[PDB]
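Following this are structure 1 and structure 2, which are two forms of one protein chain, each written alone as structure tokens.
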Structure 1
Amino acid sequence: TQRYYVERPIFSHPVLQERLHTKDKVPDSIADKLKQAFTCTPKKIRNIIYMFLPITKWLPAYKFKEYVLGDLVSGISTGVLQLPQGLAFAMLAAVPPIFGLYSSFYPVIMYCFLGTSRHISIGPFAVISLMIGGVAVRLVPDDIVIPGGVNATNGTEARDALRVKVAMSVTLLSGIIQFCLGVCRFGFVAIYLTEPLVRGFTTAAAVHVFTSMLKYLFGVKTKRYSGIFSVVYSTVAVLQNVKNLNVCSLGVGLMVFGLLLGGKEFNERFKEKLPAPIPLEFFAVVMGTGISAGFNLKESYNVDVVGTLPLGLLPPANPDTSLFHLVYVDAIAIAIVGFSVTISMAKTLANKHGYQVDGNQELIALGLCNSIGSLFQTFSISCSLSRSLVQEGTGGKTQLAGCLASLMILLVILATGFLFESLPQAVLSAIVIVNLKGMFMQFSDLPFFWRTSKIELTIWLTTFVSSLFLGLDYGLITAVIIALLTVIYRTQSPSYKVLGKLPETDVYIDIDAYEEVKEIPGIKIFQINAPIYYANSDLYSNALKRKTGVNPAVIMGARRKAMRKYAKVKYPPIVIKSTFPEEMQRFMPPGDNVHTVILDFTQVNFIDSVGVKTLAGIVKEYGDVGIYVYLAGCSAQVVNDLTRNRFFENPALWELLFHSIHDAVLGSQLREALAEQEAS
């Protein structure tokens, strides 16, 4: 083994700078930087196409023998859940369920072309559907007057058509906003969605879905709520009118709920013995339709059912832009929430599978999906969190599984929709609630973060509470800001350490940590692992004066008290020699006799104007009582901050900067030795 051997002079800043000559920066002109960015080599255009059409990259690289079985199983398992979720979330959007089926077909196909994630399930989302239904009923209330040429027994078809128009308009506007944000590179903000924040946000979204499904589980009529405390209002309303529940709807839904839970437990426990998981949503739906049609519950027990599902696809139709001025705010909110839900879950799966997702491409894909789908009578979509978990956890590899699920939805739309007309809405509710279980499993993060980082546990809990009680829009921005403020908290509560020296080395460690490091007599070394900006500087100065035990104000007060008791451009030197008489020093209380204070700046990333003022004050106050202050390990950035401020207006302070703590200690000891040499 070799050894660490260093033999060099003491490196103060002027001494080290004498050995360094400034290098010539290579010319980097902006005009040439733009010119070299427009070469348009074929590889560059191929990379651009891959960026904007990801299917052009991962489809030719499809490992058929390694991906086809997993994609097929995942596609079937995703489709059997996609159908009831589409119907239920269409109900949440105040539109006929067939439009939820449309929203489960076109955007998934488009996302298979434009999307970057290969595990999320694109489709209707409960929170987005709730927002769409809110704007739809605000623009088209239940007591609206329509001169549609019908008798007093109105079938509510015209009201449904008007609400569909409103939903398509808001969907087109939200898609336009999402596409514009993706073009303007707004997706960079996805970097501010940390893992605890994402998981707390998604758990809160799952609670939102569960709350939105309660009225359909119980069969009660409840006013629509959207905004702050909407989850609380919805739960309160459902519990308030729970006395008017449909007992048959609740019984059927609870039977489906229990059977689904049992089947999911069976699948999980026998995963190793089952070649593929049994699709239980298909059996749940079919059995439900059998029970409702066979006993004819729809009017026998007034059980709410899915209703008529017209067959066939609709021709493209232009949404009316005339409603934009009435919906744009909602369109903005839906755009934001849709992005936040899509990029969160995507990240959650990408980190699980060792790849990365482009936020800008996610925004572009969402915008194109929503805007083009609005032409095909599709309301605003997002990522379905529970269905994304199902798709990922059933062996899903690429987005071809989503294409297979969309093919199943298309089969329902074209030929077999009429078979589900008697399916009870309660059954749909139960299915959704059951599939929320995996989402709720994320609560297991609370102990884990409690063991790993209480700051990140705070981020998790704050994000959960915010996204729950406020909306998924206001709660998300609140959580992002608070998570960023945790960094300010970290800087405002740093580790203030007094350093001692490991004998016969140059290693300086916390004096209260290892029992072998010893403080150097006459020298105090103070260290902060944080910047010294405005929110920090006063705490840093107080901590220095408290932890080192060297308070210049206390020293001055003791000097004055001892004096009273014994009674019965040019710059002055920074350190004023203590002209304290020895006769008065006889009454001076004993102390540590510290002549130098070393400030360890190795971990100080930056210093602002307020921090520079604090540092100058520290130097002046300590020099007034005849104590030297040295800065050790100042980075080039910190030295530049000191120079941009008026810290080195007196050039003498250049002598206070040393390369390392050992350099400063050796320089201080050398200064003391020279002072003793010239004393006598």
Structure 2
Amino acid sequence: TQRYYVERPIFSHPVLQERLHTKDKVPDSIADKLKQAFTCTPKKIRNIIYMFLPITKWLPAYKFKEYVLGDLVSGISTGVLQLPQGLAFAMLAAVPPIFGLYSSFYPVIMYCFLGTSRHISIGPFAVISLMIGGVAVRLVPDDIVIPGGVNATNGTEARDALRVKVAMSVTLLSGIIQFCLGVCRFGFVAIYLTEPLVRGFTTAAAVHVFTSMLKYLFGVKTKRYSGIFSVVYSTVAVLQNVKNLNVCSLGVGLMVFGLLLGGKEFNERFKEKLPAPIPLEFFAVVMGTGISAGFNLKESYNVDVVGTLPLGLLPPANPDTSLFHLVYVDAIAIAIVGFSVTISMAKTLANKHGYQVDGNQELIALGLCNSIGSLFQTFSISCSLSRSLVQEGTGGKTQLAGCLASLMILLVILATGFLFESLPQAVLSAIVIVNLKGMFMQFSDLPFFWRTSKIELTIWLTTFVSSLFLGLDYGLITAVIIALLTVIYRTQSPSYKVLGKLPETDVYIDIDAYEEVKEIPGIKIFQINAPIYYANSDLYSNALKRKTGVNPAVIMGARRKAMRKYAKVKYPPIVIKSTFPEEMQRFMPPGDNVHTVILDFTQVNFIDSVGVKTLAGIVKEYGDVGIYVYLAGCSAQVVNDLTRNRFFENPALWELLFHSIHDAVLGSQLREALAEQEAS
């Protein structure tokens, strides 16, 4: 075995520097640092193509034997869920339902070619649908008259067409913004989305969607509220109008809701019994449409249905740029929110399955998908939380599962779009509510974060409140800023400790922690685990004067008190010897007689101009009353900050630095002993 044993002279700063000679670095010209980027070797261009076109990467290396069954089952199980969710989100956007299926096919196909993550199901999203519907209603209210040959029997088809055009324009603008952000390498901002913030934002969005689904379930009409305090206004509106509900719609919605809970719990408790989970949503919609067609609930009890569904695909429609100046803000908000949600899901799924995703490629893929979708009659979309988990939980392994879902959505569009025209809105509302239960389950993080780390609990609660009451567009920004400022709070509330020396060793630990550490007499040690930047210097000085019990101001006051009570280019020395008579010392109230204060800088990352000024003031003031101050553990970075500022214009301040606490202790003790020698 071996024991920790080192023998060496006391390493102050000048003693250590005379033993070290700076190395000569190799400068890299900014001109020669650009030439090597244009070698254009086949490997480099192949890597670039692989980066921009991930389909060329994971498709040739497709391991058939263990991917075919999982991909097929996951694709079927996610398409059967994407259909009712697509229709439901279409109605939330104040657009005809067929546009939900239009928006659930083109971007999925494009993301199967341009996407990096291989476990997310891109498609219609509830939050994006809500925001698109809000802007569509804001631009096009229910009071627009068009004399385009239509008689007095207006079916509001013109209003729906204008709303569709508004959604297309804002989607195209959001896609262009996302593409421009992606090519600008901005996707590096996704790292600021901490896990508690994402969980809180998703839960708040889940509450918004759940409360926005109540009017669809009950069947009562209610004007849509968008903006600040939207959730509370919407819920009080639906509560005021609840007296005029539709009994049959509520009954069928509650029945399918209970059936969905029963089936989901059955699958959960019979997980081992199944080779592949049964698609419950498909059975739910089949039952709903069968009953509705059986009893003709559209008119017999005034139970509104999804409506007619035209067939056939549409040729590309070149949009107009006449609405950009009206919806430019909301398009930016849509792009930011969609990218944030999709990057959070892609990152967490990649971490779970052991790989990596690219933020910039995600932005580029979303931008191209949204833009070309706007050319192809499609509104803005992003990743979907519940749908992606359903696709993965059933054995999703590559992105071909999304392609299969897109293909079956195409099949429904072309062939059996008429079959679902009688589906009541209650079934879709209950399906959305039941699939959103997984997001209600995230309240378990409240006691958990309370036990583990209260700062993250504060971030979670602040994000949830800011995204619930205020609009989702600005709640995310507010939560991000609060999360960033929590670091500032942490650096403004550090742990000031006074250290003591373990006997016979060099381990220095807090004096009030372990009952065996003993403070060295005449030497006080202070430690701060935080930088000394502008918003921290004053607190550091106050803590130094309070914890150590050595305040030069009160020392001078007591010295003058004893004085009045008894009576009835070169630089000056940093430490002024105590010009206090020994006879006057008899009238000097007792004290610890501290002769040196050691400052620990091992846990100080940086110091700025305000910090340097405060440190110089501390050194000068403490030296005024004849108390030496040494800095221990000054890293090379902090030494550079001190040198850059005006701290070291007096060369005699070089010797105050040291390398370790024990080095400073040995130096101070040796200096005291040397001063003892010449005393007598």
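Counting starts at 1 with the first residue of structure 1 and goes up one by one along its sequence. So that the term is clear: the rigid core is the largest set of C-alpha atoms that superpose within 1.5 Å between two forms.
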Mobile residue between structure 1 and structure 2, C-alpha criterion 2 Å or more, rigid core, from 525, 190, 305, 140: 140
Residue 416 C-alpha shift between structure 1 and structure 2 of 2 Å or more, rigid core reference: no
Residue 68: Cα shift of 2 Å or greater between structure 1 and structure 2 (core-aligned): yes
Cα displacement of residue 296 between structure 1 and structure 2 reaching 2 Å, rigid core superposed: no
Core-referenced Cα shift (Å), residue 603, between structure 1 and structure 2: 0.5
Core superposition result - C-alpha of residue 230, shift between structure 1 and structure 2, Å: 1.7
Rigid core superposed, the C-alpha shift at residue 353 between structure 1 and structure 2 in Å: 2.2
